[PDB]
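Peer 1: One file: final22.cif (mmCIF, C-alpha atoms).
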```
data_upload
loop_
_atom_site.group_PDB
_atom_site.id
_atom_site.type_symbol
_atom_site.label_atom_id
_atom_site.label_comp_id
_atom_site.auth_asym_id
_atom_site.auth_seq_id
_atom_site.Cartn_x
_atom_site.Cartn_y
_atom_site.Cartn_z
ATOM 1 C CA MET A 1 0.000 0.000 0.000
ATOM 2 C CA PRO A 2 2.073 3.025 -1.340
ATOM 3 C CA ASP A 3 0.810 6.665 -1.511
ATOM 4 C CA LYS A 4 2.750 9.585 -3.114
ATOM 5 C CA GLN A 5 3.282 12.300 -0.423
ATOM 6 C CA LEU A 6 6.945 13.087 -1.430
ATOM 7 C CA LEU A 7 7.348 16.793 -2.304
ATOM 8 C CA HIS A 8 9.757 19.769 -2.471
ATOM 9 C CA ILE A 9 10.483 20.658 1.209
ATOM 10 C CA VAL A 10 10.847 24.356 2.241
ATOM 11 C CA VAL A 11 14.115 25.868 3.582
ATOM 12 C CA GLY A 12 15.431 29.430 4.172
ATOM 13 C CA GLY A 13 17.251 31.702 6.657
ATOM 14 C CA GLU A 14 19.423 34.872 6.756
ATOM 15 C CA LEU A 15 22.098 35.528 4.133
ATOM 16 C CA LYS A 16 25.361 37.573 3.991
ATOM 17 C CA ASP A 17 24.214 39.401 0.814
ATOM 18 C CA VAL A 18 20.663 40.817 0.273
ATOM 19 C CA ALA A 19 19.867 38.935 -3.027
ATOM 20 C CA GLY A 20 22.695 36.337 -2.863
ATOM 21 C CA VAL A 21 22.024 32.750 -1.581
ATOM 22 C CA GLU A 22 25.252 32.877 0.551
ATOM 23 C CA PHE A 23 24.016 31.777 4.048
ATOM 24 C CA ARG A 24 25.583 33.959 6.811
ATOM 25 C CA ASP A 25 25.195 31.264 9.465
ATOM 26 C CA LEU A 26 24.047 27.655 9.070
ATOM 27 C CA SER A 27 22.359 27.534 12.500
ATOM 28 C CA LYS A 28 20.523 30.704 11.207
ATOM 29 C CA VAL A 29 19.325 28.603 8.207
ATOM 30 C CA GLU A 30 15.666 28.513 9.329
ATOM 31 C CA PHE A 31 14.044 25.370 7.856
ATOM 32 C CA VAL A 32 10.405 26.348 7.118
ATOM 33 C CA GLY A 33 9.404 22.627 7.207
ATOM 34 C CA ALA A 34 7.567 20.414 4.671
ATOM 35 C CA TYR A 35 3.884 20.614 3.566
ATOM 36 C CA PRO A 36 1.597 17.633 2.352
ATOM 37 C CA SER A 37 1.988 18.914 -1.290
ATOM 38 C CA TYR A 38 4.552 20.807 -3.425
ATOM 39 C CA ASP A 39 1.714 23.344 -4.199
ATOM 40 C CA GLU A 40 1.399 24.006 -0.413
ATOM 41 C CA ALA A 41 5.229 24.270 -0.063
ATOM 42 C CA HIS A 42 5.285 26.558 -3.151
ATOM 43 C CA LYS A 43 2.890 28.982 -1.416
ATOM 44 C CA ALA A 44 4.944 28.671 1.850
ATOM 45 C CA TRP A 45 7.967 30.219 0.002
ATOM 46 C CA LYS A 46 6.183 33.618 -0.606
ATOM 47 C CA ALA A 47 4.047 33.261 2.580
ATOM 48 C CA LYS A 48 7.386 33.453 4.474
ATOM 49 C CA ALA A 49 9.027 36.106 2.202
ATOM 50 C CA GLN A 50 6.035 38.502 2.701
ATOM 51 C CA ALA A 51 5.675 37.643 6.440
ATOM 52 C CA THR A 52 9.305 38.229 7.448
ATOM 53 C CA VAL A 53 9.772 42.064 7.427
ATOM 54 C CA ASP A 54 11.709 42.197 10.783
ATOM 55 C CA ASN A 55 14.164 39.790 9.080
ATOM 56 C CA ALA A 56 16.933 41.736 7.290
ATOM 57 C CA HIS A 57 18.566 39.271 4.833
ATOM 58 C CA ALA A 58 16.129 36.316 5.185
ATOM 59 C CA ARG A 59 15.308 34.912 1.702
ATOM 60 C CA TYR A 60 13.070 31.831 2.156
ATOM 61 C CA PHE A 61 12.864 29.470 -0.859
ATOM 62 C CA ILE A 62 12.250 25.722 -1.556
ATOM 63 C CA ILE A 63 14.482 22.621 -2.059
ATOM 64 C CA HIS A 64 14.263 19.417 -4.131
ATOM 65 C CA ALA A 65 13.752 16.391 -1.791
ATOM 66 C CA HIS A 66 12.760 14.084 -4.756
ATOM 67 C CA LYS A 67 16.021 12.177 -4.226
ATOM 68 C CA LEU A 68 18.228 12.432 -1.120
ATOM 69 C CA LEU A 69 22.053 12.455 -1.393
ATOM 70 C CA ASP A 70 23.007 9.027 -0.082
ATOM 71 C CA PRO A 71 26.808 8.269 -0.582
ATOM 72 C CA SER A 72 25.789 4.589 0.068
ATOM 73 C CA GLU A 73 24.332 3.759 -3.407
ATOM 74 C CA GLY A 74 24.622 7.221 -5.030
ATOM 75 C CA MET B 1 33.966 38.829 1.043
ATOM 76 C CA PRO B 2 31.022 37.020 -0.803
ATOM 77 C CA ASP B 3 32.941 33.694 -0.612
ATOM 78 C CA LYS B 4 31.421 30.407 -1.851
ATOM 79 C CA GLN B 5 30.571 28.986 1.616
ATOM 80 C CA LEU B 6 27.376 27.258 0.361
ATOM 81 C CA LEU B 7 27.273 23.465 0.959
ATOM 82 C CA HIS B 8 24.944 20.448 1.048
ATOM 83 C CA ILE B 9 22.537 20.811 4.058
ATOM 84 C CA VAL B 10 21.730 17.706 6.184
ATOM 85 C CA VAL B 11 18.143 16.432 6.691
ATOM 86 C CA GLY B 12 16.561 13.173 7.932
ATOM 87 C CA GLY B 13 13.375 11.477 9.103
ATOM 88 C CA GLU B 14 11.283 8.299 8.872
ATOM 89 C CA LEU B 15 10.229 6.531 5.715
ATOM 90 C CA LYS B 16 7.236 4.142 5.237
ATOM 91 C CA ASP B 17 9.637 1.613 3.586
ATOM 92 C CA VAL B 18 13.171 0.126 4.107
ATOM 93 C CA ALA B 19 14.669 1.582 0.850
ATOM 94 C CA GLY B 20 11.668 3.652 -0.385
ATOM 95 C CA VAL B 21 11.812 7.491 -0.057
ATOM 96 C CA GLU B 22 8.105 7.740 1.075
ATOM 97 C CA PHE B 23 8.487 10.107 4.108
ATOM 98 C CA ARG B 24 6.294 8.591 6.899
ATOM 99 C CA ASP B 25 5.598 12.153 8.129
ATOM 100 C CA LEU B 26 6.974 15.574 7.133
ATOM 101 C CA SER B 27 6.848 17.153 10.635
ATOM 102 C CA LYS B 28 8.898 14.003 11.596
ATOM 103 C CA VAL B 29 11.547 15.037 9.000
ATOM 104 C CA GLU B 30 14.200 16.144 11.548
ATOM 105 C CA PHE B 31 16.283 18.800 9.747
ATOM 106 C CA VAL B 32 19.764 17.835 11.091
ATOM 107 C CA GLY B 33 20.839 21.353 9.994
ATOM 108 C CA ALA B 34 23.794 22.515 7.849
ATOM 109 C CA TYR B 35 27.532 21.977 8.651
ATOM 110 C CA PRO B 36 30.425 24.614 8.089
ATOM 111 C CA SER B 37 31.934 22.384 5.315
ATOM 112 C CA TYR B 38 30.613 19.852 2.743
ATOM 113 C CA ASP B 39 33.002 17.236 4.294
ATOM 114 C CA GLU B 40 31.369 17.910 7.728
ATOM 115 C CA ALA B 41 27.838 17.559 6.227
ATOM 116 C CA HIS B 42 28.947 14.350 4.446
ATOM 117 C CA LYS B 43 30.171 13.086 7.846
ATOM 118 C CA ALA B 44 26.924 14.231 9.593
ATOM 119 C CA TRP B 45 24.906 11.714 7.459
ATOM 120 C CA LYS B 46 26.799 8.700 9.031
ATOM 121 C CA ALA B 47 27.218 10.451 12.446
ATOM 122 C CA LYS B 48 23.390 10.406 12.622
ATOM 123 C CA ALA B 49 22.852 6.972 10.933
ATOM 124 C CA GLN B 50 25.140 5.241 13.525
ATOM 125 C CA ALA B 51 23.488 7.284 16.363
ATOM 126 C CA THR B 52 19.999 6.208 15.083
ATOM 127 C CA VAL B 53 20.440 2.378 14.613
ATOM 128 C CA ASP B 54 17.454 1.947 17.028
ATOM 129 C CA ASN B 55 15.294 3.787 14.436
ATOM 130 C CA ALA B 56 13.084 1.699 12.095
ATOM 131 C CA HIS B 57 13.139 3.776 8.855
ATOM 132 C CA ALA B 58 14.609 7.100 10.153
ATOM 133 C CA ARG B 59 17.440 7.608 7.615
ATOM 134 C CA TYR B 60 19.431 10.867 7.844
ATOM 135 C CA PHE B 61 20.751 11.882 4.391
ATOM 136 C CA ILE B 62 21.996 15.128 2.684
ATOM 137 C CA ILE B 63 20.543 17.625 0.030
ATOM 138 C CA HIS B 64 22.446 19.957 -2.377
ATOM 139 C CA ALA B 65 21.359 23.582 -1.647
ATOM 140 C CA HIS B 66 23.615 25.005 -4.492
ATOM 141 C CA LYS B 67 20.391 26.129 -6.181
ATOM 142 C CA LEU B 68 17.144 26.671 -4.239
ATOM 143 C CA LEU B 69 13.824 26.260 -6.102
ATOM 144 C CA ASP B 70 13.170 29.945 -6.810
ATOM 145 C CA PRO B 71 9.770 30.685 -8.571
ATOM 146 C CA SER B 72 11.055 34.335 -8.479
ATOM 147 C CA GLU B 73 13.992 34.441 -11.020
ATOM 148 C CA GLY B 74 13.188 31.138 -12.801
#
```
Represent the structure of the file as structure tokens.
Peer 2:
Amino acid sequence: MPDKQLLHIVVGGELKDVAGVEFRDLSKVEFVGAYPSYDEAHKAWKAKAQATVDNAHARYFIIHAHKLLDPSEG
Amino acid sequence: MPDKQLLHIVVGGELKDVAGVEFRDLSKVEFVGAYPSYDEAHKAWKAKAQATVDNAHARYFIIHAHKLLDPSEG
């Protein structure tokens, strides 16, 4: 009994540059989480970007969790 | 200095299968974090996997954050 829930999980945090994806601190990489659809995670990207005004350099985006980087087989 | 610090972040959580990437739950996807080198993040995968041998299908892998899924620029 399989059921396709696997989606593009949402990650972000504060950067060194304003537009650049160069993370200032990796403990300050705020992982937004993972929603029950990619459509829901897609909305979460801008839902965070709009929300976070107090945040200076925080550029929240998405990430591809379709395949994980295993050095075991991969 | 906008130096290329960006590396592969570390994430993990339970699956519904032994080898299958069907995340059992997405709020159970423990984001291990992100380590100050790729070699550290590569080590974090096994540092977790050997710490979590008690775990049924909780496998702690890596993801390449070199490009985030931006609906903004492309």
Peer 1: Evaluating the PyMOL selection byres ((chain B) within 7 of (chain A)) on the displayed file yields which residues, as a ChimeraX atom specification?
Peer 2: /B:5-6,22-23,26-27,33-35,61-63,65,68-70
Peer 1: What's the separation between CA of residue 38 in chain B and CA of residue 57 in chain B, in Å to one decimal place?
Peer 2: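 CA of residue 38 in chain B sits 24.5 Å away from CA of residue 57 in chain B.
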Peer 1: What does chain A look like after a least-squares fit onto chain B on every Cα paired in order, written as a PDB file with C-alpha atoms, keeping the file's coordinate frame?
Peer 2:
```pdb
ATOM      1  CA  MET A   1      33.928  40.881   0.542  1.00  0.00           C
ATOM      2  CA  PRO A   2      32.458  37.414  -0.490  1.00  0.00           C
ATOM      3  CA  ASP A   3      33.455  34.037   1.082  1.00  0.00           C
ATOM      4  CA  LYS A   4      32.224  30.598  -0.149  1.00  0.00           C
ATOM      5  CA  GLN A   5      30.427  28.841   2.780  1.00  0.00           C
ATOM      6  CA  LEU A   6      27.514  27.450   0.628  1.00  0.00           C
ATOM      7  CA  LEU A   7      27.308  23.638   0.920  1.00  0.00           C
ATOM      8  CA  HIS A   8      25.034  20.559   0.721  1.00  0.00           C
ATOM      9  CA  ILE A   9      22.745  20.822   3.811  1.00  0.00           C
ATOM     10  CA  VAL A  10      21.755  17.626   5.729  1.00  0.00           C
ATOM     11  CA  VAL A  11      18.145  16.331   5.964  1.00  0.00           C
ATOM     12  CA  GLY A  12      16.496  13.037   7.059  1.00  0.00           C
ATOM     13  CA  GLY A  13      13.653  11.518   9.124  1.00  0.00           C
ATOM     14  CA  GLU A  14      11.467   8.362   9.313  1.00  0.00           C
ATOM     15  CA  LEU A  15      10.147   6.670   6.172  1.00  0.00           C
ATOM     16  CA  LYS A  16       7.148   4.402   5.330  1.00  0.00           C
ATOM     17  CA  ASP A  17       9.439   1.771   3.725  1.00  0.00           C
ATOM     18  CA  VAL A  18      12.787   0.581   5.235  1.00  0.00           C
ATOM     19  CA  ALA A  19      15.035   1.382   2.174  1.00  0.00           C
ATOM     20  CA  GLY A  20      12.570   3.633   0.268  1.00  0.00           C
ATOM     21  CA  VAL A  21      12.835   7.487   0.473  1.00  0.00           C
ATOM     22  CA  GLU A  22       9.002   7.754   0.945  1.00  0.00           C
ATOM     23  CA  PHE A  23       8.677  10.013   4.069  1.00  0.00           C
ATOM     24  CA  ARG A  24       5.948   8.689   6.447  1.00  0.00           C
ATOM     25  CA  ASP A  25       5.315  12.110   7.980  1.00  0.00           C
ATOM     26  CA  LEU A  26       6.732  15.495   6.963  1.00  0.00           C
ATOM     27  CA  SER A  27       6.785  16.849  10.540  1.00  0.00           C
ATOM     28  CA  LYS A  28       8.808  13.610  11.256  1.00  0.00           C
ATOM     29  CA  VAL A  29      11.301  14.749   8.547  1.00  0.00           C
ATOM     30  CA  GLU A  30      14.120  15.518  11.021  1.00  0.00           C
ATOM     31  CA  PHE A  31      16.400  18.163   9.445  1.00  0.00           C
ATOM     32  CA  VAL A  32      19.938  17.332  10.684  1.00  0.00           C
ATOM     33  CA  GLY A  33      21.021  20.963   9.978  1.00  0.00           C
ATOM     34  CA  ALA A  34      23.897  22.412   7.897  1.00  0.00           C
ATOM     35  CA  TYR A  35      27.679  22.203   8.592  1.00  0.00           C
ATOM     36  CA  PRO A  36      30.437  24.837   7.571  1.00  0.00           C
ATOM     37  CA  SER A  37      31.576  22.437   4.742  1.00  0.00           C
ATOM     38  CA  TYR A  38      30.072  19.743   2.462  1.00  0.00           C
ATOM     39  CA  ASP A  39      32.812  17.357   3.837  1.00  0.00           C
ATOM     40  CA  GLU A  40      31.428  17.961   7.385  1.00  0.00           C
ATOM     41  CA  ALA A  41      27.812  17.480   6.140  1.00  0.00           C
ATOM     42  CA  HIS A  42      28.955  14.335   4.248  1.00  0.00           C
ATOM     43  CA  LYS A  43      30.223  12.811   7.518  1.00  0.00           C
ATOM     44  CA  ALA A  44      26.986  13.957   9.305  1.00  0.00           C
ATOM     45  CA  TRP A  45      24.967  11.638   6.961  1.00  0.00           C
ATOM     46  CA  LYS A  46      26.635   8.396   8.308  1.00  0.00           C
ATOM     47  CA  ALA A  47      27.210   9.936  11.792  1.00  0.00           C
ATOM     48  CA  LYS A  48      23.376  10.056  12.037  1.00  0.00           C
ATOM     49  CA  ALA A  49      22.718   6.684  10.280  1.00  0.00           C
ATOM     50  CA  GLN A  50      25.057   4.848  12.750  1.00  0.00           C
ATOM     51  CA  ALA A  51      23.824   6.878  15.784  1.00  0.00           C
ATOM     52  CA  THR A  52      20.086   6.319  15.284  1.00  0.00           C
ATOM     53  CA  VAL A  53      19.448   2.650  16.312  1.00  0.00           C
ATOM     54  CA  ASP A  54      16.252   3.415  18.369  1.00  0.00           C
ATOM     55  CA  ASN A  55      14.915   4.927  15.106  1.00  0.00           C
ATOM     56  CA  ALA A  56      13.075   2.274  13.048  1.00  0.00           C
ATOM     57  CA  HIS A  57      12.806   3.675   9.478  1.00  0.00           C
ATOM     58  CA  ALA A  58      15.025   6.795   9.853  1.00  0.00           C
ATOM     59  CA  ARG A  59      17.345   7.089   6.802  1.00  0.00           C
ATOM     60  CA  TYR A  60      19.348  10.343   7.137  1.00  0.00           C
ATOM     61  CA  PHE A  61      20.970  11.633   3.911  1.00  0.00           C
ATOM     62  CA  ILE A  62      22.044  15.006   2.367  1.00  0.00           C
ATOM     63  CA  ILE A  63      20.432  17.574  -0.013  1.00  0.00           C
ATOM     64  CA  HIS A  64      21.710  19.961  -2.710  1.00  0.00           C
ATOM     65  CA  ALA A  65      21.342  23.606  -1.497  1.00  0.00           C
ATOM     66  CA  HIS A  66      23.647  24.932  -4.330  1.00  0.00           C
ATOM     67  CA  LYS A  67      20.594  26.608  -5.886  1.00  0.00           C
ATOM     68  CA  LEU A  68      17.255  27.155  -4.115  1.00  0.00           C
ATOM     69  CA  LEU A  69      13.925  26.704  -5.963  1.00  0.00           C
ATOM     70  CA  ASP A  70      12.704  30.271  -6.372  1.00  0.00           C
ATOM     71  CA  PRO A  71       9.540  30.487  -8.655  1.00  0.00           C
ATOM     72  CA  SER A  72      10.396  34.259  -8.867  1.00  0.00           C
ATOM     73  CA  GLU A  73      13.252  34.070 -11.454  1.00  0.00           C
ATOM     74  CA  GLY A  74      13.484  30.261 -11.826  1.00  0.00           C
TER      75      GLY A  74
END
```
Peer 1: At what distance in Å, to one decimal, does CA of residue 40 in chain B lie from CA of residue 19 in chain A?
Peer 2: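 One can read the CA of residue 19 in chain A to CA of residue 40 in chain B distance as 26.3 Å.
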Peer 1: What does the distance between CA of residue 14 in chain A and CA of residue 39 in chain B come to in Å, to one decimal place?
Peer 2: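 Between these atoms lies a distance of 22.4 Å.
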Peer 1: For each of B:53, B:47, B:41, B:58, take the minimum atom-to-atom distance to residue 15 in chain B, counting only C-alpha atoms, then give the residue where this is smallest.
Peer 2: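 Of the candidates, the smallest distance to residue 15 in chain B is held by B:58.
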Peer 1: Assuming the input is short of atoms at range 24-48 of chain B, produce N, CA, C and O atoms for that part as a compact mmCIF listing (two decimals), in the frame of the given file.
Peer 2:
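Saved file selection01.txt follows:
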```txt
# COMPACT_ATOMS: atom_id res chain seq x y z
N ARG B 24 7.39 9.04 6.03
CA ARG B 24 6.29 8.59 6.90
C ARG B 24 5.49 9.78 7.45
O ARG B 24 4.26 9.72 7.54
N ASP B 25 6.20 10.87 7.76
CA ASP B 25 5.60 12.15 8.13
C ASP B 25 6.65 13.26 7.96
O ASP B 25 7.85 13.05 8.18
N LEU B 26 6.16 14.43 7.58
CA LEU B 26 6.97 15.57 7.13
C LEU B 26 7.35 16.50 8.29
O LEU B 26 8.36 17.21 8.23
N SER B 27 6.52 16.50 9.35
CA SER B 27 6.85 17.15 10.64
C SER B 27 7.75 16.21 11.48
O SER B 27 8.24 16.60 12.54
N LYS B 28 7.94 14.97 10.99
CA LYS B 28 8.90 14.00 11.60
C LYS B 28 10.23 13.99 10.81
O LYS B 28 11.17 13.28 11.19
N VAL B 29 10.29 14.76 9.71
CA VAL B 29 11.55 15.04 9.00
C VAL B 29 12.39 16.01 9.86
O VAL B 29 12.23 17.23 9.80
N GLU B 30 13.23 15.41 10.73
CA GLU B 30 14.20 16.14 11.55
C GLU B 30 15.30 16.74 10.64
O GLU B 30 16.14 16.01 10.10
N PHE B 31 15.25 18.06 10.47
CA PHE B 31 16.28 18.80 9.75
C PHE B 31 17.53 18.86 10.64
O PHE B 31 17.56 19.62 11.61
N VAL B 32 18.50 17.97 10.34
CA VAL B 32 19.76 17.84 11.09
C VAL B 32 20.52 19.19 11.14
O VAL B 32 21.19 19.51 12.14
N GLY B 33 20.36 19.98 10.06
CA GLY B 33 20.84 21.35 9.99
C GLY B 33 21.67 21.59 8.74
O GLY B 33 21.26 21.21 7.64
N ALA B 34 22.83 22.24 8.92
CA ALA B 34 23.79 22.52 7.85
C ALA B 34 25.17 22.73 8.49
O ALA B 34 25.29 23.52 9.43
N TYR B 35 26.19 22.01 8.02
CA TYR B 35 27.53 21.98 8.65
C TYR B 35 28.53 22.91 7.92
O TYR B 35 28.43 23.06 6.71
N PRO B 36 29.53 23.54 8.65
CA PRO B 36 30.42 24.61 8.09
C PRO B 36 31.36 24.18 6.93
O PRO B 36 32.14 25.00 6.43
N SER B 37 31.28 22.90 6.53
CA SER B 37 31.93 22.38 5.32
C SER B 37 31.08 21.25 4.73
O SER B 37 30.27 20.63 5.45
N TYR B 38 31.25 20.99 3.42
CA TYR B 38 30.61 19.85 2.74
C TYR B 38 31.08 18.52 3.35
O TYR B 38 30.29 17.59 3.50
N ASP B 39 32.38 18.44 3.70
CA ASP B 39 33.00 17.24 4.29
C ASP B 39 32.40 16.93 5.68
O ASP B 39 32.24 15.76 6.06
N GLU B 40 32.04 18.00 6.41
CA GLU B 40 31.37 17.91 7.73
C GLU B 40 29.91 17.43 7.58
O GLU B 40 29.42 16.66 8.40
N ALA B 41 29.23 17.92 6.53
CA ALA B 41 27.84 17.56 6.23
C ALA B 41 27.75 16.12 5.70
O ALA B 41 26.80 15.38 5.98
N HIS B 42 28.80 15.71 4.96
CA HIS B 42 28.95 14.35 4.45
C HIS B 42 29.18 13.38 5.61
O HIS B 42 28.72 12.25 5.59
N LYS B 43 29.88 13.87 6.65
CA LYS B 43 30.17 13.09 7.85
C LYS B 43 28.93 13.00 8.76
O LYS B 43 28.71 11.98 9.41
N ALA B 44 28.13 14.09 8.76
CA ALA B 44 26.92 14.23 9.59
C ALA B 44 25.87 13.16 9.26
O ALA B 44 25.18 12.69 10.16
N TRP B 45 25.78 12.79 7.97
CA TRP B 45 24.91 11.71 7.46
C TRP B 45 25.13 10.39 8.25
O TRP B 45 24.18 9.80 8.78
N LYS B 46 26.41 9.96 8.35
CA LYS B 46 26.80 8.70 9.03
C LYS B 46 26.86 8.87 10.56
O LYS B 46 26.58 7.93 11.31
N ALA B 47 27.19 10.10 11.01
CA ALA B 47 27.22 10.45 12.45
C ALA B 47 25.82 10.28 13.07
O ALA B 47 25.69 9.88 14.23
N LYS B 48 24.80 10.57 12.26
CA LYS B 48 23.39 10.41 12.62
C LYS B 48 22.95 8.95 12.46
O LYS B 48 22.36 8.38 13.37
```
